[PDB]
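Chain letters run A, B, ... following the sequence lines, proteins first, then strands; residues in each count from 1. When reading the values below, keep in mind they use all heavy atoms of this one structure, side chains included, and skip hydrogens, waters and symmetry mates.
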Amino acid sequence: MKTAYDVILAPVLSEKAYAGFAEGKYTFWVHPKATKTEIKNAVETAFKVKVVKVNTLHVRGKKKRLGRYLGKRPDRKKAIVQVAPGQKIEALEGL
Amino acid sequence: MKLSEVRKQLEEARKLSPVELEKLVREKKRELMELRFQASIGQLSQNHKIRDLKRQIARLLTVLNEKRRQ
Amino acid sequence: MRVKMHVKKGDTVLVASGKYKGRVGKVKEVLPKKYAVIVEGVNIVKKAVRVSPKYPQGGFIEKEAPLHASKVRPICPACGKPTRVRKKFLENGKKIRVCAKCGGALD
Amino acid sequence: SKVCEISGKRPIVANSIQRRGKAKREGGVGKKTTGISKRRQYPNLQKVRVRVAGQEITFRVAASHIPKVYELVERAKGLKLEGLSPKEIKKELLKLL
RNA sequence: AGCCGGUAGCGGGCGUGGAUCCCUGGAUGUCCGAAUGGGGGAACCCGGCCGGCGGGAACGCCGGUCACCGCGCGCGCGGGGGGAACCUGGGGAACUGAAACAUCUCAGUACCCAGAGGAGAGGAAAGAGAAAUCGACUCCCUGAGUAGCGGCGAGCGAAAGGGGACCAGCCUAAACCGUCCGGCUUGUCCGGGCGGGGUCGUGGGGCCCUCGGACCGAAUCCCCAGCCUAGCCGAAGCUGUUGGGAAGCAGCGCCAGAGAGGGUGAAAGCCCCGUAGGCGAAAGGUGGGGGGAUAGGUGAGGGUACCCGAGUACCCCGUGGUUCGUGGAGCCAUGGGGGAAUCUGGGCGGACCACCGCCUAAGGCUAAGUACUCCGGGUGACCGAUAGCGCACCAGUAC
RNA sequence: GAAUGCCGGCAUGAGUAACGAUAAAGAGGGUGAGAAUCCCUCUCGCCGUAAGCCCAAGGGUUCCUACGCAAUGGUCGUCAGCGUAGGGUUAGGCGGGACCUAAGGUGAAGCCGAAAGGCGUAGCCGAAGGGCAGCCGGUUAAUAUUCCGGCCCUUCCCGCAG
RNA sequence: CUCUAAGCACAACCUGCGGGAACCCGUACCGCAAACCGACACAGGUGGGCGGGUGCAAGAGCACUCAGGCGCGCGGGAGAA
Ligand SMILES: [Mg+2]
Ligand SMILES: [Mg+2]
Ligand SMILES: [Mg+2]
Ligand SMILES: [Mg+2]
Ligand SMILES: [Mg+2]
Ligand SMILES: [Mg+2]
Ligand SMILES: [Mg+2]
Ligand SMILES: [Mg+2]
Ligand SMILES: [Mg+2]
Ligand SMILES: [Mg+2]
Ligand SMILES: [Mg+2]
Ligand SMILES: [Mg+2]
Ligand SMILES: [Mg+2]
Ligand SMILES: [Mg+2]
Ligand SMILES: [Mg+2]
Ligand SMILES: [Mg+2]
Ligand SMILES: [Mg+2]
Ligand SMILES: [Mg+2]
Ligand SMILES: [Mg+2]
Ligand SMILES: [Mg+2]
Ligand SMILES: [Mg+2]
Ligand SMILES: [Mg+2]
Ligand SMILES: [Mg+2]
Ligand SMILES: [Mg+2]
Ligand SMILES: [Mg+2]
Ligand SMILES: [Mg+2]
Ligand SMILES: [Mg+2]
Ligand SMILES: [Mg+2]
Ligand SMILES: [Mg+2]
Ligand SMILES: [Mg+2]
Ligand SMILES: [Mg+2]
Ligand SMILES: [Mg+2]
Ligand SMILES: [Mg+2]
Ligand SMILES: [Mg+2]
Ligand SMILES: [Mg+2]
Ligand SMILES: [Mg+2]
Ligand SMILES: [Mg+2]
Ligand SMILES: [Mg+2]
Ligand SMILES: [Mg+2]
Ligand SMILES: [Mg+2]
Ligand SMILES: [Mg+2]
Ligand SMILES: [Mg+2]
Ligand SMILES: [Mg+2]
Ligand SMILES: [Mg+2]
Ligand SMILES: [Mg+2]
Ligand SMILES: [Mg+2]
Ligand SMILES: [Mg+2]
Ligand SMILES: [Mg+2]
Ligand SMILES: [Mg+2]
Ligand SMILES: [Mg+2]
Ligand SMILES: [Mg+2]
Ligand SMILES: [Mg+2]
Ligand SMILES: [Mg+2]
Ligand SMILES: [Mg+2]
Ligand SMILES: [Mg+2]
Ligand SMILES: [Mg+2]
Ligand SMILES: [Mg+2]
Ligand SMILES: [Mg+2]
Ligand SMILES: [Mg+2]
Ligand SMILES: [Mg+2]
Ligand SMILES: [Mg+2]
Ligand SMILES: [Mg+2]
Ligand SMILES: [Mg+2]
Ligand SMILES: [Mg+2]
Ligand SMILES: [Mg+2]
Ligand SMILES: [Mg+2]
Ligand SMILES: [Mg+2]
Ligand SMILES: [Mg+2]
Ligand SMILES: [Mg+2]
Ligand SMILES: [Mg+2]
Ligand SMILES: [Mg+2]
Ligand SMILES: [Mg+2]
Ligand SMILES: [Mg+2]
Ligand SMILES: [Mg+2]
Ligand SMILES: [Mg+2]
Ligand SMILES: [Mg+2]
Ligand SMILES: [Mg+2]
Ligand SMILES: [Mg+2]
Ligand SMILES: [Mg+2]
Ligand SMILES: [Mg+2]
Ligand SMILES: [Mg+2]
Ligand SMILES: [Mg+2]
Ligand SMILES: [Mg+2]
Ligand SMILES: [Mg+2]
Ligand SMILES: [Mg+2]
Ligand SMILES: [Mg+2]
Ligand SMILES: [Mg+2]
Ligand SMILES: [Mg+2]
Ligand SMILES: [Mg+2]
Ligand SMILES: [Mg+2]
Ligand SMILES: [Mg+2]
Ligand SMILES: [Mg+2]
Ligand SMILES: [Mg+2]
Ligand SMILES: [Mg+2]
Ligand SMILES: [Mg+2]
Ligand SMILES: [Mg+2]
Ligand SMILES: [Mg+2]
Ligand SMILES: [Mg+2]
Ligand SMILES: [Mg+2]
Ligand SMILES: [Mg+2]
Ligand SMILES: [Mg+2]
Ligand SMILES: [Mg+2]
Ligand SMILES: [Mg+2]
Ligand SMILES: [Mg+2]
Ligand SMILES: [Mg+2]
Ligand SMILES: [Mg+2]
Ligand SMILES: [Mg+2]
Ligand SMILES: [Mg+2]
Ligand SMILES: [Mg+2]
Ligand SMILES: [Mg+2]
Ligand SMILES: [Mg+2]
Ligand SMILES: [Mg+2]
Ligand SMILES: [Mg+2]
Ligand SMILES: [Mg+2]
Ligand SMILES: [Mg+2]
Ligand SMILES: [Mg+2]
Ligand SMILES: [Mg+2]
Ligand SMILES: [Mg+2]
Ligand SMILES: [Mg+2]
Ligand SMILES: [Mg+2]
Ligand SMILES: [Mg+2]
Ligand SMILES: [Mg+2]
Ligand SMILES: [Mg+2]
Ligand SMILES: [Mg+2]
Ligand SMILES: [Mg+2]
Ligand SMILES: [Mg+2]
Ligand SMILES: [Mg+2]
Ligand SMILES: [Mg+2]
Ligand SMILES: [Mg+2]
Ligand SMILES: [Mg+2]
Ligand SMILES: [Mg+2]
Ligand SMILES: [Mg+2]
Ligand SMILES: [Mg+2]
Ligand SMILES: [Mg+2]
Ligand SMILES: [Mg+2]
Ligand SMILES: [Mg+2]
Ligand SMILES: [Mg+2]
Ligand SMILES: [Mg+2]
Ligand SMILES: [Mg+2]
Ligand SMILES: [Mg+2]
Ligand SMILES: [Mg+2]
Ligand SMILES: [Mg+2]
Ligand SMILES: [Mg+2]
Ligand SMILES: [Mg+2]
Ligand SMILES: [Mg+2]
Ligand SMILES: [Mg+2]
Ligand SMILES: [Mg+2]
Ligand SMILES: [Mg+2]
Ligand SMILES: [Mg+2]
Ligand SMILES: [Mg+2]
Ligand SMILES: [Mg+2]
Ligand SMILES: [Mg+2]
Ligand SMILES: [Mg+2]
Ligand SMILES: [Mg+2]
Ligand SMILES: [Mg+2]
Ligand SMILES: [Mg+2]
Ligand SMILES: [Mg+2]
Ligand SMILES: [Mg+2]
Ligand SMILES: [Mg+2]
Ligand SMILES: [Mg+2]
Ligand SMILES: [Mg+2]
Ligand SMILES: [Mg+2]
Ligand SMILES: [Mg+2]
Ligand SMILES: [Mg+2]
Ligand SMILES: [Mg+2]
Ligand SMILES: [Mg+2]
Ligand SMILES: [Mg+2]
Ligand SMILES: [Mg+2]
Ligand SMILES: [Mg+2]
Ligand SMILES: [Mg+2]
Ligand SMILES: [Mg+2]
Ligand SMILES: [Mg+2]
Ligand SMILES: [Mg+2]
Ligand SMILES: [Mg+2]
Ligand SMILES: [Mg+2]
Ligand SMILES: [Mg+2]
Ligand SMILES: [Mg+2]
Ligand SMILES: [Mg+2]
Ligand SMILES: [Mg+2]
Ligand SMILES: [Mg+2]
Ligand SMILES: [Mg+2]
Ligand SMILES: [Mg+2]
Ligand SMILES: [Mg+2]
Ligand SMILES: [Mg+2]
Ligand SMILES: [Mg+2]
Ligand SMILES: [Mg+2]
Ligand SMILES: [Mg+2]
Ligand SMILES: [Mg+2]
Ligand SMILES: [Mg+2]
Ligand SMILES: [Mg+2]
Ligand SMILES: [Mg+2]
Ligand SMILES: [Mg+2]
Ligand SMILES: [Mg+2]
Ligand SMILES: [Mg+2]
Ligand SMILES: [Mg+2]
Ligand SMILES: [Mg+2]
Ligand SMILES: [Mg+2]
Ligand SMILES: [Mg+2]
Ligand SMILES: [Mg+2]
Ligand SMILES: [Mg+2]
Ligand SMILES: [Mg+2]
Ligand SMILES: [Mg+2]
Ligand SMILES: [Mg+2]
Ligand SMILES: [Mg+2]
Ligand SMILES: [Mg+2]
Ligand SMILES: [Mg+2]
Ligand SMILES: [Mg+2]
Ligand SMILES: [Mg+2]
Ligand SMILES: [Mg+2]
Ligand SMILES: [Mg+2]
Ligand SMILES: [Mg+2]
Ligand SMILES: [Mg+2]
Ligand SMILES: [Mg+2]
Ligand SMILES: [Mg+2]
Ligand SMILES: [Mg+2]
Ligand SMILES: [Mg+2]
Ligand SMILES: [Mg+2]
Ligand SMILES: [Mg+2]
Ligand SMILES: [Mg+2]
Ligand SMILES: [Mg+2]
Ligand SMILES: [Mg+2]
Ligand SMILES: [Mg+2]
Ligand SMILES: [Mg+2]
Ligand SMILES: [Mg+2]
Ligand SMILES: [Mg+2]
Ligand SMILES: [Mg+2]
Ligand SMILES: [Mg+2]
Ligand SMILES: [Mg+2]
Ligand SMILES: [Mg+2]
Ligand SMILES: [Mg+2]
Ligand SMILES: [Mg+2]
Ligand SMILES: [Mg+2]
Ligand SMILES: [Mg+2]
Ligand SMILES: [Mg+2]
Ligand SMILES: [Mg+2]
Ligand SMILES: [Mg+2]
Ligand SMILES: [Mg+2]
Ligand SMILES: [Mg+2]
Ligand SMILES: [Mg+2]
Ligand SMILES: [Mg+2]
Ligand SMILES: [Zn+2]
């Protein structure tokens, strides 16, 4: 049906992402084809905040193997959204 | 979920208009994202709930697609 | 389309052949992908266990090993005898397993 | 040269047979074949310019079927032709076969 | 009655309120690909238009629509690409053989290309060819390695007839009517549509005179059986013994329209899966068979000589096809030139002529018998891991 | 039993040649089951229009960190571009696209060719050429003209004013 | 930038200011090399920029050095042909 909950997939659980909460920058795993305008509206519908800046980057999957079988982990995309001054995303300040 | 709850879910969904159906899916999709968060911090013991909600969303969209196609 | 299984959890069966021939016991479990069954108290093998949770002593446990389904025969609850399985269509139309010896139902 | 638009005459493959000797019917020992190789025989294609309904139509035709083009000009006087394009015109004249 | 694929486990669930699973129909189906809004280094990028979403105008997202080409009066319909072999058409080698080599052979094969379909081609005599005969076409056997062809070398190689498989015949053009539209050489005009008429070789049809006034029936459509895409019922054995294990050995029985085969701890008709013999479809596919509709189909003399497929027949030049390599070279086909007639016309019977016979050219369609094996099943004096497919296995992979 | 036959297995040569630039090493301390070979310190030597630094191709996780040492590494190995796992690439201004054209490619029109196809004006595509707005510093184990800080700037939309 | 055509001059453009809006892909690391081309951690091959100092006539030459980076992934002895 296409909802904000299709764009945002999971939070990014890393010491690097956590260190950004203090400045209001929250890092999410998002859908690989989602644009910056889309992620903006998806966060603002999902978490009741105002997004003033969105950075994005693609994260290629790591090649892995299991014995004889060489494979690859799926590709992913991270978005870092800056919320308006004084706002916060409680579902992430967790953590 | 349980087979009787699926049956009841399908009776009730079929009494809903397309607007109600969209609003329900939007709600269950939100709860699904909440389940993925919980599961990603190791907090979803009952991981069967993830699949159940996903099929629920499938049934609802199936019935929504039904009601715009009689 | 399915593995045909003449025996069910957990009816009563005779183990008609093998080391435990003559034993009568309850079908604990049925394994269609293996055409096997597990019969309570039959086929007891010694499995070795590492020290751990569940076995902080280590040592060994007892396990029922599976039996090939053809070594097993239901004991009919009407006449109490080991028997082959016949099919019978009930008045409503459902089919049930009946006893080739007398005719009683086996469920 | 290609294809007669009217008859569909097209190039055909023919052999070129080189011969020596005196034909038996002239008292010779007979003709011997000193070379056979493939060649093509083309239709005698020419351009016919005709003017139909104040438009100029150009046909690529075998010389054999040149009169068949003017035949189509006559049979087109009963067709409602004005206002049409030279392409659409030729189609009408050609559909009259 | 178990289940959440291979796949165990962690951690959690479902199922006699019928799950898993199997069949059928439907729904969803990102992006690329004929790929088709446009572009592009396939799976990426960038737009128009209408509607929606956000604070939304810029920005973005969602839904819809937008290529080219053909055919019919901007609207429809169709086309495109794929498919293991098979098929038809358009093109078309060489090694090799001729113990050299060029005609010839290999061979209209290999291959390229276009197209077709579950087949394709062919097909209702301008046939055969010598029987006062046969009677569409395709396919098998035979005719026959015959007749012939052939640097008469190497080689190449028919047809009629006979025995069989299958079986089926149709629509049209023209004459002559009618109508509509067009033209401006004004009409008994010419042309274009459409409709009626008509379809044959003993010739047939048109038009005008007399007379005579229902059977047949599709290859099209409907219904149905049958079949396919899951399935299901299915006889009869116990004990002792050796042994890890019985199905072996021993005792005593039993079934059989079932003693094919495979499994089970070793060697089992009666333990299991099966086998003989039976049973089964709401849904989709098929339906060449049974039934029913529709289209369609049909006389005699008599007179008239209107019509019977044109750059065609026919002749000549250059070639192909056929057994025919220029041969006495006809026949079928046709690139060039010349160029008719409508039955008192025309083609053929191997130059040609006479006679005597056969057949009706220049429009189209047509099941079945035939071919193939990607697919499914059945069966082997077929293989059994260097074998059998290149692959029994994560192979068109690694490399 | 032979085909310099085929596939495979294992021998011989042989503990032999070699271990890949003659820029070069020594010691102390540490770690560890194990140390010439890993880490730290001091001494020594070599490059220094490079053997240093930054771009572009190409490569494609080789980056950082933890845990490893069967194999890979021409020795060794506690080390590693190796194995296992987690983390890591942040842009209106850098580069490319939503801009332009070049050769060339493609190609409505048009031309040609048995088929397949060959051409072809405009147009379209096509760059490392034209055009176009960001500098300095700080910060991470790992990114930074991208995040942060300071000071600047560009385009689009809408409004007001002239 | 300038010129005008259709059109339009309730528009439209230019200048100034203000608010708002600003998408897609690359960005790690190697990169004269042990990560690229050479079957190898192979003395070979690989385009552009920076490339300090002293002396030697000059210089990107040459020698030694800065910054920075290395001693080239077998060693220990012996001191025959
Ligand atoms: Mg969807
Ligand atoms: Mg964050
Ligand atoms: Mg993005
Ligand atoms: Mg959005
Ligand atoms: Mg980015
Ligand atoms: Mg990006
Ligand atoms: Mg990823
Ligand atoms: Mg991943
Ligand atoms: Mg995942
Ligand atoms: Mg993601
Ligand atoms: Mg999910
Ligand atoms: Mg995940
Ligand atoms: Mg779902
Ligand atoms: Mg059964
Ligand atoms: Mg007993
Ligand atoms: Mg048991
Ligand atoms: Mg039975
Ligand atoms: Mg039932
Ligand atoms: Mg039941
Ligand atoms: Mg009971
Ligand atoms: Mg000649
Ligand atoms: Mg003579
Ligand atoms: Mg000759
Ligand atoms: Mg000759
Ligand atoms: Mg030849
Ligand atoms: Mg030639
Ligand atoms: Mg011409
Ligand atoms: Mg002329
Ligand atoms: Mg003229
Ligand atoms: Mg002529
Ligand atoms: Mg004609
Ligand atoms: Mg659990
Ligand atoms: Mg568990
Ligand atoms: Mg019940
Ligand atoms: Mg049911
Ligand atoms: Mg779509
Ligand atoms: Mg496209
Ligand atoms: Mg394109
Ligand atoms: Mg819109
Ligand atoms: Mg908002
Ligand atoms: Mg909007
Ligand atoms: Mg958009
Ligand atoms: Mg669109
Ligand atoms: Mg094609
Ligand atoms: Mg096709
Ligand atoms: Mg063929
Ligand atoms: Mg052919
Ligand atoms: Mg051919
Ligand atoms: Mg050639
Ligand atoms: Mg030859
Ligand atoms: Mg030769
Ligand atoms: Mg030969
Ligand atoms: Mg020869
Ligand atoms: Mg020879
Ligand atoms: Mg020779
Ligand atoms: Mg030859
Ligand atoms: Mg020849
Ligand atoms: Mg041959
Ligand atoms: Mg030949
Ligand atoms: Mg072939
Ligand atoms: Mg057939
Ligand atoms: Mg056919
Ligand atoms: Mg006929
Ligand atoms: Mg015949
Ligand atoms: Mg007769
Ligand atoms: Mg006849
Ligand atoms: Mg007949
Ligand atoms: Mg004979
Ligand atoms: Mg011959
Ligand atoms: Mg020959
Ligand atoms: Mg011949
Ligand atoms: Mg031949
Ligand atoms: Mg023949
Ligand atoms: Mg004959
Ligand atoms: Mg016959
Ligand atoms: Mg008329
Ligand atoms: Mg008519
Ligand atoms: Mg008619
Ligand atoms: Mg008729
Ligand atoms: Mg008729
Ligand atoms: Mg008719
Ligand atoms: Mg007839
Ligand atoms: Mg006659
Ligand atoms: Mg007559
Ligand atoms: Mg029929
Ligand atoms: Mg018919
Ligand atoms: Mg049965
Ligand atoms: Mg039985
Ligand atoms: Mg015993
Ligand atoms: Mg026994
Ligand atoms: Mg016995
Ligand atoms: Mg039998
Ligand atoms: Mg058998
Ligand atoms: Mg057997
Ligand atoms: Mg026996
Ligand atoms: Mg046996
Ligand atoms: Mg035997
Ligand atoms: Mg048996
Ligand atoms: Mg048997
Ligand atoms: Mg049967
Ligand atoms: Mg049966
Ligand atoms: Mg049946
Ligand atoms: Mg019938
Ligand atoms: Mg009849
Ligand atoms: Mg009649
Ligand atoms: Mg008659
Ligand atoms: Mg006449
Ligand atoms: Mg005729
Ligand atoms: Mg005709
Ligand atoms: Mg002629
Ligand atoms: Mg003749
Ligand atoms: Mg001549
Ligand atoms: Mg001729
Ligand atoms: Mg021939
Ligand atoms: Mg000839
Ligand atoms: Mg010839
Ligand atoms: Mg001849
Ligand atoms: Mg002729
Ligand atoms: Mg001629
Ligand atoms: Mg005659
Ligand atoms: Mg005549
Ligand atoms: Mg003739
Ligand atoms: Mg003649
Ligand atoms: Mg004849
Ligand atoms: Mg004769
Ligand atoms: Mg004849
Ligand atoms: Mg005829
Ligand atoms: Mg046909
Ligand atoms: Mg046929
Ligand atoms: Mg098969
Ligand atoms: Mg098979
Ligand atoms: Mg064998
Ligand atoms: Mg093997
Ligand atoms: Mg093999
Ligand atoms: Mg073996
Ligand atoms: Mg073998
Ligand atoms: Mg295979
Ligand atoms: Mg195969
Ligand atoms: Mg092989
Ligand atoms: Mg493999
Ligand atoms: Mg020998
Ligand atoms: Mg050798
Ligand atoms: Mg050999
Ligand atoms: Mg040998
Ligand atoms: Mg060998
Ligand atoms: Mg070898
Ligand atoms: Mg081996
Ligand atoms: Mg070997
Ligand atoms: Mg060997
Ligand atoms: Mg070896
Ligand atoms: Mg030896
Ligand atoms: Mg050796
Ligand atoms: Mg040795
Ligand atoms: Mg030695
Ligand atoms: Mg030696
Ligand atoms: Mg030596
Ligand atoms: Mg050596
Ligand atoms: Mg060496
Ligand atoms: Mg040495
Ligand atoms: Mg050196
Ligand atoms: Mg060295
Ligand atoms: Mg030296
Ligand atoms: Mg040096
Ligand atoms: Mg040292
Ligand atoms: Mg040292
Ligand atoms: Mg000390
Ligand atoms: Mg060491
Ligand atoms: Mg060591
Ligand atoms: Mg040391
Ligand atoms: Mg060293
Ligand atoms: Mg160190
Ligand atoms: Mg010191
Ligand atoms: Mg210097
Ligand atoms: Mg590489
Ligand atoms: Mg790796
Ligand atoms: Mg190692
Ligand atoms: Mg080691
Ligand atoms: Mg080791
Ligand atoms: Mg290890
Ligand atoms: Mg190694
Ligand atoms: Mg080593
Ligand atoms: Mg090495
Ligand atoms: Mg260690
Ligand atoms: Mg490293
Ligand atoms: Mg590593
Ligand atoms: Mg990193
Ligand atoms: Mg920025
Ligand atoms: Mg845009
Ligand atoms: Mg562009
Ligand atoms: Mg351009
Ligand atoms: Mg064109
Ligand atoms: Mg050509
Ligand atoms: Mg072109
Ligand atoms: Mg051009
Ligand atoms: Mg452009
Ligand atoms: Mg281009
Ligand atoms: Mg461009
Ligand atoms: Mg550029
Ligand atoms: Mg320039
Ligand atoms: Mg530039
Ligand atoms: Mg720029
Ligand atoms: Mg600046
Ligand atoms: Mg800076
Ligand atoms: Mg950190
Ligand atoms: Mg770095
Ligand atoms: Mg900044
Ligand atoms: Mg104003
Ligand atoms: Mg004006
Ligand atoms: Mg105004
Ligand atoms: Mg501004
Ligand atoms: Mg965009
Ligand atoms: Mg790159
Ligand atoms: Mg970067
Ligand atoms: Mg960098
Ligand atoms: Mg570097
Ligand atoms: Mg170099
Ligand atoms: Mg360089
Ligand atoms: Mg370097
Ligand atoms: Mg390196
Ligand atoms: Mg490498
Ligand atoms: Mg090479
Ligand atoms: Mg290399
Ligand atoms: Mg090295
Ligand atoms: Mg090197
Ligand atoms: Mg160089
Ligand atoms: Mg320079
Ligand atoms: Mg300095
Ligand atoms: Mg300098
Ligand atoms: Mg100094
Ligand atoms: Mg001095
Ligand atoms: Mg100086
Ligand atoms: Mg000097
Ligand atoms: Mg200097
Ligand atoms: Mg120097
Ligand atoms: Mg230094
Ligand atoms: Mg050092
Ligand atoms: Mg060294
Ligand atoms: Mg070096
Ligand atoms: Mg070395
Ligand atoms: Mg010595
Ligand atoms: Zn009983």
State whether the distance check finds a donor on one side and an acceptor on the other, under 3.5 Å, for side chain [X] versus base [N].
{"X": "A:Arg60", "N": "F:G60", "answer": "yes"}
{"X": "A:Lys62", "N": "F:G87", "answer": "yes"}
{"X": "A:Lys16", "N": "F:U143", "answer": "yes"}
{"X": "C:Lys8", "N": "E:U16", "answer": "yes"}
{"X": "D:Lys38", "N": "E:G108", "answer": "yes"}
{"X": "B:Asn47", "N": "E:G11", "answer": "yes"}
{"X": "A:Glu38", "N": "E:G60", "answer": "no"}

Whole angstroms only, please: what is the NZ-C1' distance between C:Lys4 and E:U275?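 In whole Å, E:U275 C1' lies 14 Å from C:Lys4 NZ.
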For the side chain of [X], starting at C-beta, report the closest nucleotide among [options].
{"X": "C:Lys94", "options": "E:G18, E:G92, E:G15", "value": "E:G18"}
{"X": "D:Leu96", "options": "E:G192, E:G12, F:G113", "value": "E:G192"}
{"X": "D:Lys9", "options": "E:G328, E:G336, E:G17", "value": "E:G336"}
{"X": "A:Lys36", "options": "F:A91, E:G18, E:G192", "value": "F:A91"}
{"X": "C:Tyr35", "options": "E:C272, E:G15, E:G2", "value": "E:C272"}
{"X": "A:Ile80", "options": "F:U90, F:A114, E:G328", "value": "F:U90"}
{"X": "A:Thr37", "options": "E:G54, E:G2, E:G327", "value": "E:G54"}
{"X": "D:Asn15", "options": "E:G320, E:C273, F:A85", "value": "E:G320"}

Under 4.0 Å between any heavy atoms, over every strand shown, what does [X] touch: base, sugar-phosphate, or nothing? Just pick one.
{"X": "B:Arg7", "result": "base"}
{"X": "D:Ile12", "result": "base"}
{"X": "D:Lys31", "result": "sugar-phosphate"}
{"X": "B:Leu44", "result": "nothing"}

Mutual orientation of the aromatic rings belonging to A:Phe28 and B:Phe37 [parallel < 30°, tilted 30-60°, perpendicular > 60°]: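 Tilted.
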Going by heavy atoms closer than 4.0 Å, what residues in residues 40-58 of chain A are next to RNA chain E?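 A:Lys40, A:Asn41, in order of number.
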Among residues 95-107 of chain C, which residues get a heavy atom nearer than 4.0 Å to RNA chain E?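 Heavy-atom contacts with RNA chain E come from C:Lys95, C:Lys101.
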Taking [M] as the reference, what is the distance to [N] when you measure between their [atom1] atoms (whole Å, please)?
{"N": "E:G357", "M": "E:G335", "atom1": "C1'", "answer": "36 Å"}
{"N": "F:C44", "M": "G:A58", "atom1": "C1'", "answer": "37 Å"}
{"N": "E:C23", "M": "E:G376", "atom1": "P", "answer": "15 Å"}
{"N": "E:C208", "M": "E:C176", "atom1": "P", "answer": "12 Å"}
{"N": "F:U78", "M": "F:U90", "atom1": "P", "answer": "37 Å"}
{"N": "E:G135", "M": "E:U146", "atom1": "P", "answer": "30 Å"}

Footprint string ([range], 5' to 3'): B base within contact, S backbone only, - free, heavy atoms under 4.0 Å:
{"range": "nucleotides 390-399 of chain E", "result": "----B-----"}
{"range": "nucleotides 174-191 of chain E", "result": "-------SS--------B"}
{"range": "nucleotides 244-271 of chain E", "result": "-SS----------------BSB-----B"}

E:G203 pairs with, by Watson-Crick or G-U criteria that keep both distances under 3.5 Å: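 With both distances under 3.5 Å, E:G203 matches E:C308.
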For E:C71, give its Watson-Crick or G-U wobble partner with both distances under 3.5 Å, or none.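 The answer is E:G76, by the H-bond criterion.
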Sign-based sugar class (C1'-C2'-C3'-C4') of G:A43: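 Pucker flag: south.
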Backbone N or O of C:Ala100 within a donor-acceptor pair of the C:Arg86 side chain at under 3.5 Å?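 Looks like yes, one N/O pair under 3.5 Å.
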Taking the basic N atoms (NZ, or NE/NH1/NH2) and the acidic carboxylate oxygens, is any pair closer than 4.0 Å for A:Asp6 and B:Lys29?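 B:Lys29 and A:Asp6: salt-bridged.
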Is the shortest heavy-atom distance from the side chain of C:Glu64 to the side chain of C:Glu29 under 4.5 Å?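 A side-chain contact under 4.5 Å is absent here.
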Result of checking A:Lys72, A:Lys77, A:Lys78 against A:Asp75 for salt bridge (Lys or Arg N to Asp or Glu O under 4.0 Å):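 Looking at A:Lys72, A:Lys77, A:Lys78, the match for A:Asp75 under the salt bridge (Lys or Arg N to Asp or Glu O under 4.0 Å) is A:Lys72.
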Only counting residues at least two apart or in another chain, list the ones meeting side chain to side chain donor-acceptor pair (under 3.5 Å) with A:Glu93.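 A:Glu93: side chain to side chain donor-acceptor pair (under 3.5 Å) contacts with A:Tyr26.
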Just checking: do E:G11 and E:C32 form a pair, Watson-Crick or wobble, with both of the defining distances under 3.5 Å?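 No.
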